[PDB]
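Data file: start-v5.pdb. Format and content: PDB, N, CA and C atoms.
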```
ATOM      1  N   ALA A 203     -79.518-260.016 122.541
ATOM      2  CA  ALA A 203     -79.447-261.069 121.539
ATOM      3  C   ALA A 203     -79.094-260.464 120.189
ATOM      4  N   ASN A 204     -78.263-261.177 119.433
ATOM      5  CA  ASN A 204     -77.842-260.742 118.110
ATOM      6  C   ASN A 204     -77.860-261.936 117.168
ATOM      7  N   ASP A 205     -78.302-261.701 115.934
ATOM      8  CA  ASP A 205     -78.406-262.754 114.934
ATOM      9  C   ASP A 205     -77.964-262.209 113.586
ATOM     10  N   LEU A 206     -77.154-262.995 112.878
ATOM     11  CA  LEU A 206     -76.652-262.615 111.564
ATOM     12  C   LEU A 206     -76.607-263.846 110.674
ATOM     13  N   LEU A 207     -77.195-263.738 109.485
ATOM     14  CA  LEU A 207     -77.237-264.840 108.529
ATOM     15  C   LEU A 207     -76.911-264.290 107.150
ATOM     16  N   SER A 208     -75.874-264.838 106.521
ATOM     17  CA  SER A 208     -75.443-264.407 105.200
ATOM     18  C   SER A 208     -75.181-265.631 104.336
ATOM     19  N   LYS A 209     -75.760-265.641 103.136
ATOM     20  CA  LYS A 209     -75.574-266.735 102.194
ATOM     21  C   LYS A 209     -75.452-266.164 100.791
ATOM     22  N   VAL A 210     -74.406-266.570 100.074
ATOM     23  CA  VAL A 210     -74.133-266.083  98.729
ATOM     24  C   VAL A 210     -74.005-267.281  97.798
ATOM     25  N   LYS A 211     -74.484-267.122  96.565
ATOM     26  CA  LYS A 211     -74.448-268.186  95.573
ATOM     27  C   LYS A 211     -74.240-267.570  94.198
ATOM     28  N   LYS A 212     -73.352-268.166  93.407
ATOM     29  CA  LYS A 212     -73.061-267.668  92.068
ATOM     30  C   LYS A 212     -72.917-268.845  91.114
ATOM     31  N   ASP A 213     -73.665-268.808  90.015
ATOM     32  CA  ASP A 213     -73.642-269.858  89.006
ATOM     33  C   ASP A 213     -73.375-269.234  87.646
ATOM     34  N   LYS A 214     -72.398-269.779  86.925
ATOM     35  CA  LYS A 214     -72.036-269.274  85.608
ATOM     36  C   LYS A 214     -71.764-270.444  84.676
ATOM     37  N   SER A 215     -72.165-270.293  83.415
ATOM     38  CA  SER A 215     -71.999-271.340  82.416
ATOM     39  C   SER A 215     -71.510-270.726  81.114
ATOM     40  N   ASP A 216     -70.900-271.567  80.279
ATOM     41  CA  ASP A 216     -70.387-271.132  78.986
ATOM     42  C   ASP A 216     -70.306-272.330  78.053
ATOM     43  N   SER A 217     -70.747-272.146  76.811
ATOM     44  CA  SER A 217     -70.723-273.220  75.820
ATOM     45  C   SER A 217     -70.578-272.604  74.437
ATOM     46  N   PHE A 218     -69.552-273.024  73.699
ATOM     47  CA  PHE A 218     -69.319-272.501  72.361
ATOM     48  C   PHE A 218     -68.539-273.527  71.551
ATOM     49  N   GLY A 219     -68.907-273.665  70.279
ATOM     50  CA  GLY A 219     -68.220-274.572  69.380
ATOM     51  C   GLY A 219     -68.343-274.158  67.927
ATOM     52  N   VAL A 220     -67.235-274.182  67.195
ATOM     53  CA  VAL A 220     -67.192-273.745  65.803
ATOM     54  C   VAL A 220     -66.943-274.959  64.921
ATOM     55  N   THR A 221     -67.820-275.166  63.939
ATOM     56  CA  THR A 221     -67.726-276.288  63.009
ATOM     57  C   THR A 221     -67.662-275.735  61.592
ATOM     58  N   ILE A 222     -66.474-275.771  60.992
ATOM     59  CA  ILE A 222     -66.246-275.252  59.647
ATOM     60  C   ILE A 222     -65.533-276.322  58.837
ATOM     61  N   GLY A 223     -66.111-276.687  57.695
ATOM     62  CA  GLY A 223     -65.467-277.614  56.785
ATOM     63  C   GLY A 223     -65.629-277.202  55.338
ATOM     64  N   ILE A 224     -64.511-276.973  54.651
ATOM     65  CA  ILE A 224     -64.517-276.511  53.266
ATOM     66  C   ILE A 224     -63.416-277.248  52.516
ATOM     67  N   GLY A 225     -63.787-277.952  51.448
ATOM     68  CA  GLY A 225     -62.817-278.591  50.594
ATOM     69  C   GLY A 225     -63.104-278.358  49.126
ATOM     70  N   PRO A 226     -62.236-277.598  48.420
ATOM     71  CA  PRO A 226     -62.409-277.324  46.997
ATOM     72  C   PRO A 226     -61.376-278.077  46.147
ATOM     73  N   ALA A 227     -61.849-278.920  45.225
ATOM     74  CA  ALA A 227     -60.961-279.692  44.324
ATOM     75  C   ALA A 227     -61.741-280.100  43.068
ATOM     76  N   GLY A 228     -61.036-280.441  41.985
ATOM     77  CA  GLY A 228     -61.719-280.872  40.749
ATOM     78  C   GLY A 228     -62.505-282.147  40.991
ATOM     79  N   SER A 229     -61.891-283.104  41.697
ATOM     80  CA  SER A 229     -62.547-284.390  42.052
ATOM     81  C   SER A 229     -63.453-284.173  43.270
ATOM     82  N   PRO A 230     -64.454-285.043  43.536
ATOM     83  CA  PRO A 230     -65.324-284.869  44.701
ATOM     84  C   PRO A 230     -64.488-284.980  45.985
ATOM     85  N   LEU A 231     -64.732-284.084  46.949
ATOM     86  CA  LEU A 231     -63.983-284.086  48.235
ATOM     87  C   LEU A 231     -64.929-283.696  49.377
ATOM     88  N   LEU A 232     -64.573-284.056  50.616
ATOM     89  CA  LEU A 232     -65.400-283.728  51.769
ATOM     90  C   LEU A 232     -64.508-283.383  52.952
ATOM     91  N   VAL A 233     -64.831-282.285  53.632
ATOM     92  CA  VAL A 233     -64.106-281.842  54.818
ATOM     93  C   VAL A 233     -65.122-281.591  55.923
ATOM     94  N   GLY A 234     -64.937-282.252  57.062
ATOM     95  CA  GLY A 234     -65.822-282.068  58.194
ATOM     96  C   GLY A 234     -65.075-281.870  59.496
ATOM     97  N   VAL A 235     -65.456-280.847  60.256
ATOM     98  CA  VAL A 235     -64.821-280.521  61.527
ATOM     99  C   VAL A 235     -65.911-280.322  62.568
ATOM    100  N   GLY A 236     -65.735-280.933  63.738
ATOM    101  CA  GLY A 236     -66.688-280.789  64.818
ATOM    102  C   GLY A 236     -66.043-280.345  66.114
ATOM    103  N   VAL A 237     -66.525-279.240  66.677
ATOM    104  CA  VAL A 237     -65.999-278.691  67.921
ATOM    105  C   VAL A 237     -67.173-278.293  68.802
ATOM    106  N   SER A 238     -67.140-278.713  70.065
ATOM    107  CA  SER A 238     -68.168-278.356  71.029
ATOM    108  C   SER A 238     -67.527-278.244  72.404
ATOM    109  N   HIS A 239     -67.973-277.257  73.179
ATOM    110  CA  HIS A 239     -67.450-277.024  74.517
ATOM    111  C   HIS A 239     -68.599-276.720  75.463
ATOM    112  N   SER A 240     -68.371-276.974  76.749
ATOM    113  CA  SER A 240     -69.363-276.697  77.777
ATOM    114  C   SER A 240     -68.650-276.379  79.082
ATOM    115  N   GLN A 241     -69.121-275.339  79.764
ATOM    116  CA  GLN A 241     -68.573-274.922  81.047
ATOM    117  C   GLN A 241     -69.702-274.779  82.054
ATOM    118  N   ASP A 242     -69.468-275.272  83.268
ATOM    119  CA  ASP A 242     -70.429-275.160  84.356
ATOM    120  C   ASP A 242     -69.687-274.774  85.624
ATOM    121  N   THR A 243     -70.234-273.811  86.361
ATOM    122  CA  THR A 243     -69.618-273.334  87.593
ATOM    123  C   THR A 243     -70.704-273.074  88.623
ATOM    124  N   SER A 244     -70.533-273.641  89.815
ATOM    125  CA  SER A 244     -71.473-273.466  90.913
ATOM    126  C   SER A 244     -70.697-273.140  92.178
ATOM    127  N   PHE A 245     -71.128-272.097  92.883
ATOM    128  CA  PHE A 245     -70.489-271.676  94.123
ATOM    129  C   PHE A 245     -71.564-271.358  95.149
ATOM    130  N   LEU A 246     -71.373-271.839  96.374
ATOM    131  CA  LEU A 246     -72.314-271.604  97.459
ATOM    132  C   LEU A 246     -71.544-271.378  98.750
ATOM    133  N   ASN A 247     -71.969-270.374  99.514
ATOM    134  CA  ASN A 247     -71.353-270.067 100.799
ATOM    135  C   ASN A 247     -72.424-269.514 101.724
ATOM    136  N   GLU A 248     -72.534-270.090 102.918
ATOM    137  CA  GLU A 248     -73.544-269.701 103.890
ATOM    138  C   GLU A 248     -72.887-269.460 105.241
ATOM    139  N   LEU A 249     -73.333-268.413 105.930
ATOM    140  CA  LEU A 249     -72.825-268.062 107.248
ATOM    141  C   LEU A 249     -73.990-267.742 108.172
ATOM    142  N   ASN A 250     -73.901-268.216 109.412
ATOM    143  CA  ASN A 250     -74.931-267.983 110.416
ATOM    144  C   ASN A 250     -74.261-267.758 111.761
ATOM    145  N   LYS A 251     -74.633-266.669 112.432
ATOM    146  CA  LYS A 251     -74.064-266.325 113.728
ATOM    147  C   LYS A 251     -75.174-265.856 114.654
ATOM    148  N   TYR A 252     -75.203-266.406 115.866
ATOM    149  CA  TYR A 252     -76.189-266.033 116.869
ATOM    150  C   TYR A 252     -75.492-265.880 118.211
TER     151      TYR A 252
ATOM    152  N   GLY B 343     -69.663-272.666  59.495
ATOM    153  CA  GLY B 343     -70.568-272.589  60.624
ATOM    154  C   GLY B 343     -69.880-272.184  61.913
ATOM    155  N   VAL B 344     -70.446-271.208  62.617
ATOM    156  CA  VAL B 344     -69.895-270.713  63.874
ATOM    157  C   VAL B 344     -71.017-270.662  64.902
ATOM    158  N   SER B 345     -70.765-271.224  66.083
ATOM    159  CA  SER B 345     -71.731-271.242  67.172
ATOM    160  C   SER B 345     -71.039-270.816  68.458
ATOM    161  N   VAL B 346     -71.653-269.879  69.180
ATOM    162  CA  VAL B 346     -71.095-269.368  70.425
ATOM    163  C   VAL B 346     -72.244-269.062  71.376
ATOM    164  N   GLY B 347     -71.995-269.258  72.671
ATOM    165  CA  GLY B 347     -73.000-269.001  73.680
ATOM    166  C   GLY B 347     -72.371-268.444  74.942
ATOM    167  N   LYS B 348     -73.196-267.735  75.712
ATOM    168  CA  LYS B 348     -72.755-267.105  76.948
ATOM    169  C   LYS B 348     -73.868-267.179  77.982
ATOM    170  N   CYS B 349     -73.494-267.470  79.226
ATOM    171  CA  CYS B 349     -74.442-267.550  80.328
ATOM    172  C   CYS B 349     -73.833-266.901  81.561
ATOM    173  N   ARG B 350     -74.691-266.301  82.384
ATOM    174  CA  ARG B 350     -74.247-265.609  83.585
ATOM    175  C   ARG B 350     -75.375-265.611  84.607
ATOM    176  N   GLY B 351     -75.017-265.797  85.870
ATOM    177  CA  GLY B 351     -75.996-265.802  86.942
ATOM    178  C   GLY B 351     -75.363-265.384  88.249
ATOM    179  N   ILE B 352     -76.155-264.719  89.085
ATOM    180  CA  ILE B 352     -75.680-264.227  90.376
ATOM    181  C   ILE B 352     -76.839-264.251  91.361
ATOM    182  N   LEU B 353     -76.528-264.564  92.619
ATOM    183  CA  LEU B 353     -77.507-264.586  93.695
ATOM    184  C   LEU B 353     -76.891-263.971  94.943
ATOM    185  N   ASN B 354     -77.665-263.129  95.625
ATOM    186  CA  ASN B 354     -77.209-262.466  96.840
ATOM    187  C   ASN B 354     -78.313-262.533  97.882
ATOM    188  N   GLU B 355     -77.942-262.873  99.116
ATOM    189  CA  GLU B 355     -78.897-263.010 100.205
ATOM    190  C   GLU B 355     -78.245-262.572 101.508
ATOM    191  N   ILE B 356     -78.892-261.644 102.208
ATOM    192  CA  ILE B 356     -78.404-261.119 103.478
ATOM    193  C   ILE B 356     -79.567-261.087 104.460
ATOM    194  N   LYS B 357     -79.330-261.569 105.678
ATOM    195  CA  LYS B 357     -80.347-261.610 106.719
ATOM    196  C   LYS B 357     -79.770-261.065 108.017
ATOM    197  N   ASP B 358     -80.559-260.247 108.711
ATOM    198  CA  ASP B 358     -80.143-259.647 109.969
ATOM    199  C   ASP B 358     -81.321-259.634 110.932
ATOM    200  N   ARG B 359     -81.055-259.980 112.189
ATOM    201  CA  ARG B 359     -82.080-260.014 113.220
ATOM    202  C   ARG B 359     -81.483-259.542 114.538
ATOM    203  N   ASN B 360     -82.222-258.688 115.242
ATOM    204  CA  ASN B 360     -81.774-258.129 116.508
ATOM    205  C   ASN B 360     -82.920-258.160 117.508
ATOM    206  N   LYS B 361     -82.608-258.545 118.744
ATOM    207  CA  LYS B 361     -83.592-258.615 119.815
ATOM    208  C   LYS B 361     -82.940-258.181 121.118
ATOM    209  N   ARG B 362     -83.551-257.204 121.787
ATOM    210  CA  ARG B 362     -83.043-256.695 123.054
ATOM    211  C   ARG B 362     -84.208-256.475 124.005
ATOM    212  N   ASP B 363     -84.077-256.988 125.228
ATOM    213  CA  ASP B 363     -85.116-256.884 126.241
ATOM    214  C   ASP B 363     -84.480-256.548 127.581
ATOM    215  N   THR B 364     -85.142-255.686 128.348
ATOM    216  CA  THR B 364     -84.631-255.282 129.649
ATOM    217  C   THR B 364     -85.790-254.978 130.588
ATOM    218  N   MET B 365     -85.646-255.396 131.844
ATOM    219  CA  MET B 365     -86.642-255.107 132.869
ATOM    220  C   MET B 365     -85.968-255.177 134.232
ATOM    221  N   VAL B 366     -86.238-254.184 135.082
ATOM    222  CA  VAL B 366     -85.725-254.162 136.445
ATOM    223  C   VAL B 366     -86.833-253.678 137.368
ATOM    224  N   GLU B 367     -86.683-253.990 138.654
ATOM    225  CA  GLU B 367     -87.604-253.516 139.674
ATOM    226  C   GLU B 367     -86.833-253.217 140.949
ATOM    227  N   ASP B 368     -87.302-252.211 141.683
ATOM    228  CA  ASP B 368     -86.657-251.757 142.904
ATOM    229  C   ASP B 368     -87.695-251.611 144.007
ATOM    230  N   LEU B 369     -87.221-251.671 145.250
ATOM    231  CA  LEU B 369     -88.093-251.579 146.411
ATOM    232  C   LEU B 369     -87.364-250.859 147.535
ATOM    233  N   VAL B 370     -88.069-249.938 148.189
ATOM    234  CA  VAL B 370     -87.547-249.184 149.324
ATOM    235  C   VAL B 370     -88.603-249.177 150.419
ATOM    236  N   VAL B 371     -88.210-249.577 151.624
ATOM    237  CA  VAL B 371     -89.102-249.615 152.776
ATOM    238  C   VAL B 371     -88.453-248.832 153.908
ATOM    239  N   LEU B 372     -89.270-248.089 154.656
ATOM    240  CA  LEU B 372     -88.798-247.324 155.812
ATOM    241  C   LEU B 372     -89.887-247.395 156.877
ATOM    242  N   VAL B 373     -89.661-248.219 157.898
ATOM    243  CA  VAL B 373     -90.626-248.443 158.968
ATOM    244  C   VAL B 373     -89.983-248.048 160.290
ATOM    245  N   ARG B 374     -90.715-247.284 161.097
ATOM    246  CA  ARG B 374     -90.251-246.844 162.407
ATOM    247  C   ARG B 374     -91.328-247.158 163.435
ATOM    248  N   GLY B 375     -90.967-247.922 164.460
ATOM    249  CA  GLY B 375     -91.898-248.255 165.519
ATOM    250  C   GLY B 375     -92.248-249.727 165.594
ATOM    251  N   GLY B 376     -92.168-250.297 166.796
ATOM    252  CA  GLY B 376     -92.497-251.691 167.016
ATOM    253  C   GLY B 376     -91.687-252.670 166.191
ATOM    254  N   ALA B 377     -90.385-252.768 166.464
ATOM    255  CA  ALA B 377     -89.520-253.680 165.724
ATOM    256  C   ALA B 377     -89.613-255.095 166.279
ATOM    257  N   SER B 378     -90.832-255.605 166.414
ATOM    258  CA  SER B 378     -91.094-256.936 166.926
ATOM    259  C   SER B 378     -91.331-257.913 165.771
ATOM    260  N   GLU B 379     -91.806-259.116 166.106
ATOM    261  CA  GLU B 379     -91.943-260.178 165.114
ATOM    262  C   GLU B 379     -92.934-259.809 164.014
ATOM    263  N   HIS B 380     -93.995-259.074 164.359
ATOM    264  CA  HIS B 380     -95.016-258.753 163.366
ATOM    265  C   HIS B 380     -94.473-257.831 162.283
ATOM    266  N   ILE B 381     -93.650-256.850 162.659
ATOM    267  CA  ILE B 381     -93.105-255.950 161.647
ATOM    268  C   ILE B 381     -92.061-256.667 160.802
ATOM    269  N   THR B 382     -91.410-257.694 161.357
ATOM    270  CA  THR B 382     -90.538-258.534 160.546
ATOM    271  C   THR B 382     -91.355-259.349 159.552
ATOM    272  N   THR B 383     -92.537-259.807 159.971
ATOM    273  CA  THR B 383     -93.467-260.434 159.037
ATOM    274  C   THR B 383     -93.858-259.464 157.929
ATOM    275  N   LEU B 384     -94.118-258.206 158.289
ATOM    276  CA  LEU B 384     -94.487-257.200 157.299
ATOM    277  C   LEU B 384     -93.292-256.726 156.484
ATOM    278  N   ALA B 385     -92.072-256.990 156.950
ATOM    279  CA  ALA B 385     -90.849-256.637 156.232
ATOM    280  C   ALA B 385     -90.593-257.523 155.024
ATOM    281  N   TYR B 386     -91.556-258.369 154.666
ATOM    282  CA  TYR B 386     -91.423-259.261 153.522
ATOM    283  C   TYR B 386     -91.430-258.439 152.238
ATOM    284  N   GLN B 387     -90.296-258.429 151.532
ATOM    285  CA  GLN B 387     -90.146-257.557 150.372
ATOM    286  C   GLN B 387     -91.021-257.993 149.200
ATOM    287  N   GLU B 388     -91.296-259.291 149.069
ATOM    288  CA  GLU B 388     -92.045-259.770 147.912
ATOM    289  C   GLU B 388     -93.520-259.393 148.014
ATOM    290  N   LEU B 389     -94.188-259.836 149.074
ATOM    291  CA  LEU B 389     -95.592-259.495 149.252
ATOM    292  C   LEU B 389     -95.728-258.030 149.659
ATOM    293  N   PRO B 390     -96.727-257.317 149.130
ATOM    294  CA  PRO B 390     -96.862-255.887 149.443
ATOM    295  C   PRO B 390     -97.582-255.594 150.748
ATOM    296  N   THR B 391     -98.311-256.556 151.309
ATOM    297  CA  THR B 391     -99.084-256.332 152.525
ATOM    298  C   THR B 391     -99.498-257.686 153.085
TER     299      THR B 391
END
```
Representation of the structure as structure tokens:
Amino acid sequence: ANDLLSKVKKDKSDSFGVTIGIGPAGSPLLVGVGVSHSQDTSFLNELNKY
Amino acid sequence: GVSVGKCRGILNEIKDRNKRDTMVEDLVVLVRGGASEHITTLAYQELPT
């Protein structure tokens, strides 16, 4: 009798966002920038042999 | 304003199983004399007597 079981799983994520707003003038001014990111990764693999 | 993030994950799983079984039996009989019905009864390989 022979038995073999192999299962691998890998999960990776990433999230980054840069928000920069600058406005220079004699009169009142406003500058707004919004950036957001998100990454999700899921991997699963299973093997069974008997 | 600057915002940055990083994430990482890994999983590893390995399983192994082995099973081996063996058994044998042998029998040798040598009878000389009176090859009648009774010795054929005694010639039964399964029962020892």
Can you work out which residues from chain A touch chain B at a cut-off of 6.5 Å (counting only N, CA and C atoms) and hand them back as a list in words?
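So the contacting residues turn out to be residues 203, 204, 205, 206, 207, 208, 209, 210, 211, 212, 213, 214, 215, 216, 217, 218, 219, 220, 221, 222 and 223 of chain A.
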Let's see if you can do this: from backbone DSSP, list all strand (DSSP E) residues in chain B, as an NGL selection string.
:B and (344-348 or 353-360)
One number please: atom N of residue B:375 to atom CA of residue B:389, in Å, one decimal.
19.7 Å
What is the distance, in Å and to one decimal place, between atom N of residue B:380 and atom CA of residue B:366?
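Atom-to-atom, atom N of residue B:380 and atom CA of residue B:366 are spaced 29.5 Å apart.
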How big is the axis-aligned box, and where does its centre sit, when it encloses all atoms of stretch 366-374 of chain B listed in the file and has 6 Å added on every side, reported in Å to one decimal as AutoDock Vina command-line options?
```
--center_x -88.5 --center_y -250.5 --center_z 149.3 --size_x 17.6 --size_y 19.3 --size_z 40.4
```
Point-to-point distance in Å for atom N of residue A:250 and atom C of residue B:364:
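Taking atom C of residue B:364 and atom N of residue A:250, their separation equals 27.7 Å.
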Selection: 8 Å around residue A:224, all atoms listed in the file, excl. self and same-chain fewer than 6 positions, as a PyMOL selection string
chain A and resi 231-235
DSSP-assigned helix (DSSP H, G or I) members of chain B, reported as a list in words:
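Of chain B, the ones in helix (DSSP H, G or I) are residues 379, 380, 381, 382, 383 and 384 of chain B.
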Return stretch 234-246 of chain A, completed with N, CA, C and O atoms, as a short mmCIF file (atom, residue, chain, number, x, y, z; two decimals), in the frame of the given file.
```cif
data_model
loop_
_atom_site.label_atom_id
_atom_site.label_comp_id
_atom_site.auth_asym_id
_atom_site.auth_seq_id
_atom_site.Cartn_x
_atom_site.Cartn_y
_atom_site.Cartn_z
N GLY A 234 -64.94 -282.25 57.06
CA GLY A 234 -65.82 -282.07 58.19
C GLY A 234 -65.08 -281.87 59.50
O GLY A 234 -64.16 -282.63 59.81
N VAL A 235 -65.46 -280.85 60.26
CA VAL A 235 -64.82 -280.52 61.53
C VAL A 235 -65.91 -280.32 62.57
O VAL A 235 -66.90 -279.63 62.31
N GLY A 236 -65.74 -280.93 63.74
CA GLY A 236 -66.69 -280.79 64.82
C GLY A 236 -66.04 -280.35 66.11
O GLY A 236 -65.11 -280.99 66.60
N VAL A 237 -66.53 -279.24 66.68
CA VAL A 237 -66.00 -278.69 67.92
C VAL A 237 -67.17 -278.29 68.80
O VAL A 237 -68.10 -277.62 68.34
N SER A 238 -67.14 -278.71 70.06
CA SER A 238 -68.17 -278.36 71.03
C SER A 238 -67.53 -278.24 72.40
O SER A 238 -66.65 -279.03 72.75
N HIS A 239 -67.97 -277.26 73.18
CA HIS A 239 -67.45 -277.02 74.52
C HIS A 239 -68.60 -276.72 75.46
O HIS A 239 -69.67 -276.27 75.04
N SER A 240 -68.37 -276.97 76.75
CA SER A 240 -69.36 -276.70 77.78
C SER A 240 -68.65 -276.38 79.08
O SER A 240 -67.69 -277.06 79.46
N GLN A 241 -69.12 -275.34 79.76
CA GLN A 241 -68.57 -274.92 81.05
C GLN A 241 -69.70 -274.78 82.05
O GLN A 241 -70.76 -274.24 81.74
N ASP A 242 -69.47 -275.27 83.27
CA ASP A 242 -70.43 -275.16 84.36
C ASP A 242 -69.69 -274.77 85.62
O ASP A 242 -68.63 -275.34 85.92
N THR A 243 -70.23 -273.81 86.36
CA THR A 243 -69.62 -273.33 87.59
C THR A 243 -70.70 -273.07 88.62
O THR A 243 -71.68 -272.37 88.34
N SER A 244 -70.53 -273.64 89.82
CA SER A 244 -71.47 -273.47 90.91
C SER A 244 -70.70 -273.14 92.18
O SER A 244 -69.72 -273.82 92.50
N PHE A 245 -71.13 -272.10 92.88
CA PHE A 245 -70.49 -271.68 94.12
C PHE A 245 -71.56 -271.36 95.15
O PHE A 245 -72.55 -270.69 94.83
N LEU A 246 -71.37 -271.84 96.37
CA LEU A 246 -72.31 -271.60 97.46
C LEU A 246 -71.54 -271.38 98.75
O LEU A 246 -70.58 -272.09 99.04
#
```
